[PDB]
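Student: no sequence on this one, just coordinates:
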Ligand SMILES: CCCCCCCCCCCCCCCCCC(=O)OC[C@H](COP(=O)(O)OCCN)OC(=O)CCCCCCCCCCCCCCCCC
Ligand SMILES: CCCCCCCCCCCCCCCCCC(=O)OC[C@H](COP(=O)(O)OCCN)OC(=O)CCCCCCCCCCCCCCCCC
Ligand SMILES: CCCCCCCCCCCCCCCCCC(=O)O[C@@H](COC(=O)CCCCCCCCCCCCCCC)COP(=O)(O)OC[C@H](O)CO
Ligand SMILES: Nc1nc2c(ncn2[C@@H]2O[C@H](COP(=O)(O)OP(=O)(O)OP(=O)(O)O)[C@@H](O)[C@H]2O)c(=O)[nH]1
């Protein structure tokens, strides 16, 4: 579609002007779910290797939560950027094209003739 | 580290360690032929690693303490039971042979693994290439059903094809009456009752099939009882070959690295042994298998991976 | 809202990290506690639904089903700790995990504010039930039964997915409040019929009506006790909840398109109840009875009348609780006899005196004997249907007539009569089974005093 | 013998070991405790006070407030003599019906 | 009183309660974002109390 | 709590849903509109830059 | 094959696909395709069994034919426009020509006939590479030239992909053949949305990729290639068969599992594009994938197939593989639906 | 799709002979395509039965195409209801009966009547309402 | 105990194809 917009420098995961957005807060519900994913990999990691699941290599699953959270964090800022970008130039277009977006008339329900179907 | 691909890349080869004392010599013969005895002097007189005959609990010996686990937990078969009723309906005869074939197949890998990682030759009793002689003999008197045979060599070609045949094999030639004399002296009541046919049936399956067929992929030298006890003479003979025949003296480090990949993976070496063809003697139902496996799991040490069993005293589990 | 969801999911680590033998105890402690908290949710305001956030809301219809599901949760644990005692701890924990994960999805589904959100866990409920039916089911045909149950609903649910996303791209959001306020008269264009068909058939499959009901007998019979109740006491009601929410944008198309379903349902209940009259399997007989009662709801919802909606919810709770009890009845005598044939174990009242009483009041509730909520549900539907058309009472009443025969047929065949001589393993009934039975029947009579609680949003 | 399997285990009677068995599990002491849990947090906590909770729930559906507005409305309505409740709901005077 | 063990086998009893305690917290946190029309609907909008500042929390 | 909390909170819920609903309908229309006309920021399919043109005099006058 | 030689062969294979995705010149696009082919054959021939030789020969013939066919699409486009740049091409016949050319590489239409057979002949690890990495390069070209595609031509390819791909799966025993048939079915799902919006073609790509690793190197972990062989794995490691079944339903697309996210998003796009009949058939045929999916789940873990007394050895020993990236592969491939709005990152 | 255009250009329930010719051409072309495939994937060991195989497939497909052509057109002609989808429905089942006759099995024919007897209604439903199966990229 | 698959069920899924025929018989 955000495939050829003017200014898109290629292979740039997080363009600089995206920094003008509120960064995701450190305990974001999406983010903690991403952290939950890192943990959930940890338990089953000991399962395949036949280790005492929850109490097995506290370092191994600790890294998983940290790794998922950090990669989750940037993935969120990029996600917030695209949605913000999608909405931004959306609004710039609709001002640029008033003719294609007429303001529909203001009529209350009193004058609208909506036919009524009884249930009988 | 192991022979993982990083090790081979960084310089770990196989042809460097192996030397003239790197053979897979097998001591083989008839029942109670003193082959286990003859294997020992060859081991001590050549500085050559010995492997005792693979029993039912040989796999048990490799793992854990090596204490022979319960027959229910390891084997579902007893050789002494096979003596009592060789044609028993529970399929003890074939279950014995199939388990025995697996144990010596594991033994063959352990011999190759040690030799390929140390360069020292290996001597073992009744290599897996000679295991069929019992099954053929056990099939002669109908100790097993006809359907056991094709399953056995089905496992053979899907496994034993990769494992190459030994450098030189030694045979202890013993006539049937001589065994019919010795097994009286042993005294264990289960080994009085082997029929002369069974001692005969292993004998001809040796002479007409075992020795000649595989003589073209390794030198075969026969020894009788008098020649068997002459440890000095036989050891001199084993040194007096150039080992022409056999797939050993032509490969390079490429195959040895690949060979040590399969052999080191103790699951892979016998992965094909649990072949999914179903027959009454070897197939165990879900309820029995699940109960036994749960019984196996609740045992100490086997609850988790090795080095991960807190019951035996594996400290630092939260760090390992 | 979250005061019920988090405690439910937080219960999952508890079962997984509990002691070896306390799993049944600790799970039962807080499953009852969750129902208590859910019981606080049962309060409803005048007309505005009790709205919590964009993600979750509840109305006078969702709350009675919510408390029913949480109230159910202890009962499977109570009813399951007899055929799973001789199982490894991990499988028991895995089993318990399935129910509470299932029970979590039901809470999420009923409280969902967006139709798509309603839709996602509408299908998600099947994954735990499929595991329960197949793995821990005690039979052979459970494999085919699981396939039948899974594929039938999927064959109906996927067209709903295309339908729901079409509403999204045409009318913006699918939030239940916004879809209700911005409802528009659905036209009679030949596409709108297929629009109507897709939005309805999904709930039709998991609300067994005549023809699309063959998964129920094999699913109910083959599933274990816990799987049978959950699939018969809450799962069938998932279709019911779907309609009350989704026919907001199906009028006046529902006025004309209702006929083929009404005809299949009203005739189907007579046929299905007739099957009950000559069933050889006790569980199958209870299963087919669920078809008849649910088919009665089908007419109720599709009529789209205030009285019909009120009785729809009334029968909705009553049938689920009663069918759960009857499945407990069939389960309680099954392992004693280790078979499902009804005539195998006759004269159980002489040997077990209390089970005669429990099975007796179970029959009366399924009889729609007044003033049990089943009667309020059925009687309300009769009047609503009668106003719709005068003839339907002939079909409507005849169902009650047939319902009397087969409901008592199990009572006479099993409870009364001569005890069969050869059986000698029938032991005195465990107090757990007796307690579980009273756990079911007693709240039903307690609900008799306050029908307004379970009448629904139309009240 | 087809497969090496186990015979179907005999259904153990919980009563024959401990005649005071409660059918909840095998071990007696927890069984007696399971009694306490199911009945306490079942009948006692949930059924008794739960019933009182729902019975004494505050005004639901505004069933009584609607009444209290009714009599003050009707008493006003017949006080003036005008019809008791209009057949029309949205006053037609402000309705701007098309043509 | 075996306390080293009674907690080990009965620490599961606290998770669900704090879950409910936790559950109210998000319940009483998410509503804050939903403030918007606080004392703004003309049906309920009315003069503030002299000391109280927020009609419904 | 009081019905005021539920009343005002539900009004906020409605306000959020109404704004979201109208934006999605605008999304479908704008995406259709600027896909066809193309005088919009996205959907600008790649072209070839004029920078990669040799403007220096060639070996032949007619160029 | 020497590990250093094996590493280089894989190194060029990934670079060839990397070269395709980064080339703005049609000639270079071909270069990446051919040198990817040039090093794909030896990997399939690593085992060196007569089945592998048959598998490699079949794979080379079809891929070489597609690549040579791809030239006229380049040459014809050259002929009528004189543009080597990879953009919207300017000839319906050239557009039509390459569409078959790239399709044969992906194997969606009857072109798909090589896909199952080649996988059966060669080892599990090689099949994993073929079914996952060797699908990025042909898809990459279609993403760039999506604006020029005839909608009817490509949609027909997608339907028959999931139709036959789903349909033949019911009659497969060897797990490798099921995976290829599932791969063909998943091939159509992404390509169906490809003309409409490329973003979720990529979204379907990563997600479908995640299962295919999670499936294969679980199967590699099991060291099983036959349904009966997979059935026996419950005795050795029941936990693996449990995670086997979770991905099996996720690959089916049942909510709330990850595999439902692609299909759901795909249905949403074509519904926006007024195409509502088209998604409905693909959803209806999606259950066809679920059937043999369920059959393996029935055989693997949900039921308990009989085992063999020789399985007792496997209990004593342990696995030596390190199954890299396995723990995060399943988790990322089973529960990621709540993080669905992250698909905008692909845009 | 000029060959397909022949059927659409002729008004429903008018010039039945042209509609039958247009319909049977569609069936013959479709039968030819599938027959050529069947020859390809399944080797016709001898050529004489190879042409026999494509003879059978084309004859069946043309028969279904033709019979649907008449039944759909005459029903609209007889009942003077061209827009009615049932016109195709009976025609759809009519083709199903012919397939059953060609395969000589009542079950196959009965199932054929149900299945593309229905789809005959659907395709006409699409023509009337404006359903598009291969929608052009719109958004 | 609950029913579990046996050699009948195993051989049902064993072979070249679960849906065999004369052509696939060989
Ligand atoms: C979305 C719907 C659901 C989808 C998933 C459904 C999954 C099940 C579906 C059915 C699967 C088939 C039938 C059952 C197969 C069982 C497979 C198996 O291997 O079972 C036996 C095995 C034995 O267990 P074992 O390996 O010895 O490990 C024990 C724990 N150490 O058992 C195991 O190996 C299982 C081990 C499980 C270990 C769980 C550990 C949980 C830890 C939780 C920690 C919580 C922390 C909370 C913290 C709160 C405060 C922050
Ligand atoms: C309004 C305009 C149109 C008006 C005319 C009506 C439509 C066209 C005519 C009807 C077309 C559909 C009916 C079926 C035609 C093909 C029949 C056929 O191939 O029969 C042979 C065979 C079935 O027999 P078999 O299973 O081989 O058993 C005998 C073995 N010795 O076949 C097979 O074995 C393979 C399975 C059947 C062939 C594949 C499917 C063919 C139909 C696909 C859809 C065609 C749609 C045509 C109309 C729209 C497009 C123009
Ligand atoms: C197992 C078979 C199915 C079981 C029963 C399920 C219910 C039966 C009906 C199934 C309908 C599925 C498709 C419905 C999707 C939503 C429909 C919708 O919202 O209405 C549209 C209805 O439009 C359709 O064409 C919808 C599909 C109609 C039926 C054709 C496909 C469905 C039947 C075949 C597929 C399913 C059968 C199984 C195949 C194996 C409105 O669009 P429109 O056509 O009005 O668009 C504007 C303008 O008029 C032109 O576009
Ligand atoms: N089926 C089978 N039986 C074996 C195998 N190896 C040994 N046996 C049996 O093991 C028993 C005793 O081993 P033998 O080697 O015959 O006798 P021994 O007393 O151990 O003495 P040695 O022959 O010197 O080892 C006999 O019943 C053999 O048949 C084998 O590979 N397969």
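Tutor: Received it, and whenever you're ready, just let me know what you need. Numbering: from 1, shown residues only, chains lettered A, B, ... in the order given. Ligands and ions are numbered 1, 2, ... in the order given.
Student: alpha carbons only for contacts and neighbour counts from here, please
Tutor: OK.
Student: what does the stretch 151-300 of chain B have sitting close to ligand 3?
Tutor: By CA under 6 Å from any ligand atom, no residue of the stretch 151-300 of chain B approaches ligand 3.
Student: Identify the residue of the stretch 151-300 of chain B closest to chain E, quick one.
Tutor: residue B:298 (21.0 Å; CA to the nearest CA).
Student: Can you give me the neighbour number for residue E:3?
Tutor: For residue E:3, the count of nearby residues is 8 (other CA atoms under 10 Å in any protein chain shown).
Student: Give the other helices and strands that the host helix or strand of residue C:399 contacts.
Tutor: Here residue C:399, judged by DSSP states H and E, is contained in helix C:392-410. Helix C:392-410 sits against helix C:253-276, helix C:353-366, helix C:373-388, with contacts defined as 3 or more CA pairs under 8 Å, 6 or more residues apart in numbering or on different chains; DSSP states H and E.
Student: ok, residue 70 - how many residues close by?
Tutor: No chain specified, so I'll use chain A. Around residue A:70 there are 14 residues (other CA under 10 Å).
Student: that's the other chain; I wanted chain G
Tutor: Quick note: residue G:70 (other CA under 10 Å) scores 23 neighbours.
Student: tell me which residues in the helix or strand containing it are buried?
Tutor: Under the criterion of DSSP H and E, residue G:70 resides in helix G:50-81. Using 16 or more other CA atoms under 10 Å in any protein chain shown as the test for burial, helix G:50-81 gives G:51-56, G:58-60, G:62-64, G:66-67, G:69-78.
Student: Tell me who's in contact with residue 61.
Tutor: All of this is about chain A. A:38, A:39, A:41, A:42, A:43 (CA atoms under 8 Å, 6 or more residues apart in numbering or on different chains).
Student: can you check residue G:122 too?
Tutor: Counting by CA under 8 Å, 6+ apart, residue G:122 has contacts G:44, G:45, G:47, G:51, G:52, G:55, G:56.
Student: In this structure the last one contacts residue G:117, no?
Tutor: What that stands for is residue G:56. No. Applying CA atoms under 8 Å as the test, residue G:56 and residue G:117 come out as separate, 9.7 Å apart.
Student: quick one: which of the helices and strands packed on helix C:392-410 is nearest ligand 3?
Tutor: Nearest of the helices and strands packed on helix C:392-410 to ligand 3, taken as CA to the nearest ligand atom: helix C:253-276 at 12.4 Å.
Student: what does the closest one contact?
Tutor: Contacts for helix C:253-276 (CA under 8 Å, 6+ apart): A:119, C:186-188, C:193, C:196, C:209-210, C:247, C:285-286, C:288-289, C:291-293, C:295-296, C:298-299, C:302-303, C:395-396, C:398-399, C:402-403, C:406.
Student: and if you look at stretch B:30-39?
Tutor: So stretch B:30-39 is contacted by B:26-29, B:50, B:52-53, B:123-125, B:172-174, B:179, B:182-183, B:199, B:202-203, B:228-229, B:231 (CA under 8 Å, 6+ apart).
Student: Just the ones of these in strands?
Tutor: B:26, B:27, B:28, B:29, B:50, B:123, B:124, B:125, B:172 (DSSP state E).
Student: Spatially nearest residue to residue A:120 (excluding sequence neighbours)?
Tutor: residue C:388 (6.6 Å; CA to CA, 6 or more residues apart in numbering or on different chains).
Student: before we move on, which element is the spatially most central residue of chain I in?
Tutor: Centroid-nearest residue in chain I: residue I:12, 1.4 Å away (criterion: CA atoms, centre = their mean). Per DSSP H and E: residue I:12 is located in helix I:7-13.
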